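Take a look at the structure below.
Residue numbers (the authors' numbering), protein chains in the order written: chain B, 1 to 234; chain A, 4 to 235.
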């Protein structure tokens, strides 16, 4: 008899632990993550990276067709098998990359905040900044619902900048190396919540969830998990 | 330096006064846009001499422009620090193209007449321009304008020969143009956009204005693109 298994979901926010940095289309984790997928232990990649970058990374890890959380929760990729879910294939914040760029330029032109976004440079410069190839650097440039930037001003100028972003319905998010601007009402936890709720309605059964982070700022995502671990490579 | 807001205009025949002189209706408008720092970058199949003339009558002298289907790029006045200033031309010049074209005509007997093969009065007659403007239409830096006088089958073997030699055969409204195969209005536009971006430290926002479906390549690299048609 056909049966929908209780969902056992892994939320993975492991920048620079799980991936091989210099390595290519050939990820050491792929054989492993492939067998987990086949046993129905879905690994849901969650990241500040763009949808396009995430989707390519998902494919090289053997996880294509699974949900994922991109752009800090501003973009949610739906499972391949979720055709009937409102929002399929992808849920993007109503505040696009384009409108955020408009906002950031207005603030820069008028108030003279000092910063450089990923949009202000070519992909050879992003390749240099990130250590990616030109090609991966290109996908790192295709934001849908956020902007990545380097902040080049003082802490007090940053404070007046967050405040100004906040009153416009935007948040200013600190990642490992860069800052991110996106819809204030979006977030890795919010995205995760929605994904969990979807598995729960489809299956009829409460998902059990596991979050993997590699730092203290993974807290929001990890807070909503049943089980949460910080992992440290050797 | 402020965020660049750039207009790429490929609108010869909508912008320009059909009959008129050094006196262009668009000049006072475009002069004000230039003062507001909204540069209008003219883009054309027309020659560099022609386009520099038109640019000056339009109030736009000192701004970049795209001539000869991208085989010539005039740099901004203020770009003295940019490798290639004042003008970047394809390494395949008009002289070299003329050599290739004459070799094909003499050895393979393709039937065609270039703008180099006739006098100014005959160009004025073909183009409706005055003799003096026709003279500028005749100066090419990195391309050849021609009228094809052979059959379509002969034309197909001509494009192929040109392609093998690093050259493209590009149809315009009236005439054909021969130029470096690696050049384009789009390629030249990208380079200008990238230069504004390097000098400003900010992503330029770009608008393309064209007046037909033949303007696809240029309009394609723009953030915003419109077709404009004169009313009637």
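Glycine included, C-beta positions come from ideal geometry on N, C-alpha and C.
Discussion item. To the nearest angstrom, how far is the alpha carbon of residue 97 (chain A) from that of residue 144 (chain A)?
Written reply: Start at 1 with the first residue of the second chain, and residue 97 (chain A) comes out as number 94. Start at 1 with the first residue of the second chain, and residue 144 (chain A) comes out as number 141. So the alpha carbons of these two residues sit roughly 5 Å apart.
Fill in: Interface flag, residue 119 (chain B) vs chain A, CB-CB below 9 Å
Here the question's residue 119 (chain B) lines up with position 119 in the first chain. True, the Cβ-Cβ gap to chain A drops below 9 Å.
Worksheet item: Name the DSSP bridge partner or partners of residue 173 (chain A)?
Response: Reading the second chain from its first residue, position 170 is the one you call residue 173 (chain A). A:180.
Item to complete: Please check the pair residue 30 (chain A) and residue 60 (chain A), which I expect to be a contact at CB under 8 Å, by giving their CB distance rounded to whole angstroms.
Response: Stepping through the second chain from its first residue, residue 30 (chain A) is reached at position 27. Stepping through the second chain from its first residue, residue 60 (chain A) is reached at position 57. About 7 Å; that satisfies the 8 Å criterion.
Discussion item. What does the alpha-carbon distance come out to for the pair residue 230 (chain B) and residue 130 (chain B)?
Written reply: In the first chain, counting from the first residue as 1, residue 230 (chain B) sits at position 230. In the first chain, counting from the first residue as 1, residue 130 (chain B) sits at position 130. Each residue's Cα considered, the two are about 24 Å apart.
Worksheet item: Can you tell which of A:148, A:112, A:8 has its C-alpha closest to the C-alpha of residue 157 (chain A)?
Response: Translated into positions along the second chain, residue 157 (chain A) becomes position 154. Answer by Cα proximity: A:112.
Fill in: Per-residue contacts from residue 87 (chain A) into chain B (C-beta, under 8 Å)
In the second chain, the residue the question calls residue 87 (chain A) occupies position 84. Those do not exist, as residue 87 (chain A) stays about 18 Å from chain B at its closest Cβ, beyond 8 Å.
Fill in: Residue burial classification, residue 197 (chain B) (beta-carbon count within 10 angstroms, cutoff 16)
Indexing the first chain from 1 puts residue 197 (chain B) at position 197. Counting Cβ neighbours within 10 Å, residue 197 (chain B) comes out exposed, since fewer than 16 surround it.
Worksheet entry | Closer than 7 Å at the beta carbon, the chain A residues around residue 105 (chain B) | Residue 105 (chain B) sits at position 105 when you count from the first residue of the first chain. 6, listed in chain order.
Worksheet item: Can we say the stretch 171 to 183 of chain A touches the stretch 203 to 214 of chain B, given the rule of at least three CB pairs closer than 8 Å?
Response: no
Fill in: Where residue 88 (chain B) falls: helix, strand or coil (DSSP)
Taking the first chain and counting its residues from 1, the one referred to as residue 88 (chain B) is at position 88. Coil at residue 88 (chain B), not helix or strand.
Worksheet item: The beta strand (DSSP E) spanning residue 151 (chain B) covers which residue range?
Response: To locate residue 151 (chain B), count along the first chain from 1; it is residue 151. Start and end: 146 to 151.
Worksheet item: So, does the CB of residue 167 (chain B) fall closer than 9 Å to a CB anywhere in chain A?
Response: Here residue 167 (chain B) refers to the residue found at position 167 of the first chain. Cβ-Cβ to chain A under 9 Å: no for residue 167 (chain B).
Item to complete: Can you tell me which of B:160, B:68, B:167, B:152 puts its alpha carbon nearest to the alpha carbon of residue 178 (chain B)?
Response: Here residue 178 (chain B) is taken as the residue at index 178 of the first chain, counted from 1. Closest option to residue 178 (chain B), Cα to Cα, is B:152.
Discussion item. Just to confirm, is the Cβ distance from residue 51 (chain A) to residue 77 (chain A) under 9 Å?
Written reply: In the second chain, the residue the question calls residue 51 (chain A) occupies position 48. In the second chain, the residue the question calls residue 77 (chain A) occupies position 74. Closer than 9 Å, so yes.
Fill in: Cutoff 8 Å; reference residue 139 (chain A); Cβ partners in own chain excluding five residues on either side
Here residue 139 (chain A) corresponds to residue number 136 of the second chain, with the count starting at 1. 50, 52, 53, 56.
Worksheet item: Looking at the C-beta of residue 200 (chain A), does it have a partner C-beta in chain B at a distance below 9 Å?
Response: The residue you call residue 200 (chain A) lines up with position 197 of the second chain. With 9 Å as the cut-off, residue 200 (chain A) counts as an interface residue toward chain B.
Worksheet entry | Amino acids of chain B, ordered along the chain, whose beta-carbon sits closer than 8 Å to that of residue 204 (chain A) | Mapped onto the second chain, residue 204 (chain A) falls at position 201. 116, 120, listed in chain order.
Worksheet item: Closer than 9 Å, CB to CB, is residue 52 (chain A) near chain B or not?
Response: Reading the second chain from its first residue, position 49 is the one you call residue 52 (chain A). Residue 52 (chain A) does not count as touching chain B.
Worksheet entry | Neighbour flag for residue 109 (chain B) against chain A, beta carbons, 9 Å | By one-based count along the first chain, residue 109 (chain B) stands at place 109. So yes, residue 109 (chain B) belongs to the interface.
Practice prompt. For residue 26 (chain B), I'd like the list of residues in its chain whose CB is within less than 8 Å of its CB, leaving aside the five on either flank, ordered along the chain.
Written response: Taking the first chain and counting its residues from 1, one reaches residue 26 (chain B) at position 26. So the list reads 20, 60, once near-sequence residues are dropped.
Worksheet item: Can you give the Cα-Cα distance for residue 234 (chain B) and residue 38 (chain B), rounded to whole angstroms?
Response: Within the first chain, numbered from 1, the residue matching residue 234 (chain B) stands at position 234. Within the first chain, numbered from 1, the residue matching residue 38 (chain B) stands at position 38. So the two alpha carbons sit approximately 28 Å from each other.
Worksheet item: Would you call the stretch 208 to 223 of chain B and the stretch 6 to 22 of chain B in contact, with 3 or more CB pairs under 8 Å?
Response: In the pairwise beta carbon analysis, the stretch 208 to 223 of chain B is classified as touching the stretch 6 to 22 of chain B: at least three pairs are separated by under 8 Å.
Item to complete: Could you work out which residues of chain B lie near residue 197 (chain A), taking near to mean beta carbons separated by less than 8 Å?
Response: For the purposes of this step, residue 197 (chain A) is identified with residue 194 of the second chain, where counting begins at 1. In chain order: 122.
Fill in: Nearest-angstrom Cα separation, counted from residue 137 (chain B) out to residue 147 (chain A)
By 1-based counting over the second chain, the position of residue 147 (chain A) is 144. By 1-based counting over the first chain, the position of residue 137 (chain B) is 137. Cα-Cα distance, rounded: 40 Å.
Discussion item. Taking a contact to mean a Cβ-Cβ separation below 9 Å, would you say residue 192 (chain B) touches residue 46 (chain B) in this structure?
Written reply: To locate residue 192 (chain B), count along the first chain from 1; it is residue 192. To locate residue 46 (chain B), count along the first chain from 1; it is residue 46. A contact, by the Cβ cut-off of 9 Å.
Worksheet item: By how many angstroms is the C-alpha of residue 128 (chain A) removed from the C-alpha of residue 150 (chain B)?
Response: One-based indexing of the first chain puts residue 150 (chain B) at position 150. One-based indexing of the second chain puts residue 128 (chain A) at position 125. If I take the Cα positions, the gap works out to 59 Å.
Worksheet item: With 16 as the cutoff for other CB atoms within 10 Å, does residue 62 (chain B) come out buried or exposed?
Response: Taking the first chain and counting its residues from 1, one reaches residue 62 (chain B) at position 62. With 16 or more Cβ atoms within 10 Å of its Cβ, residue 62 (chain B) is classed as buried.
Worksheet item: Closer than 9 Å, CB to CB, is residue 101 (chain B) near chain A or not?
Response: Here residue 101 (chain B) is taken as the residue at index 101 of the first chain, counted from 1. Closer than 9 Å to the CB of residue 101 (chain B) there is at least one CB belonging to chain A.
Discussion item. Please classify residue 22 (chain A) as buried or exposed, where buried requires at least 16 neighbouring CB atoms within 10 angstroms.
Written reply: Counted from its first residue, the second chain places residue 22 (chain A) at position 19. Residue 22 (chain A) is exposed by the Cβ-count criterion.
Worksheet entry | residue 90 (chain A) versus residue 160 (chain B): straight-line alpha-carbon distance, rounded | Against the second chain, residue 90 (chain A) aligns to sequence position 87. Against the first chain, residue 160 (chain B) aligns to sequence position 160. Cα to Cα, the separation comes out at about 44 Å.
Worksheet item: If you drop the 5 nearest sequence neighbours on each side, which residues of the same chain put their C-beta closer than 7 Å to that of residue 133 (chain A)?
Response: As a first step, residue 133 (chain A) is located in the second chain; it is residue number 130 there, counting from the start. Cβ within range, chain order: 127.
Worksheet item: Residues in its own chain within less than 8 Å of residue 232 (chain A) by CB, not counting five upstream and five downstream?
Response: By 1-based counting over the second chain, the position of residue 232 (chain A) is 229. Correct list, in chain order: 17, 214.
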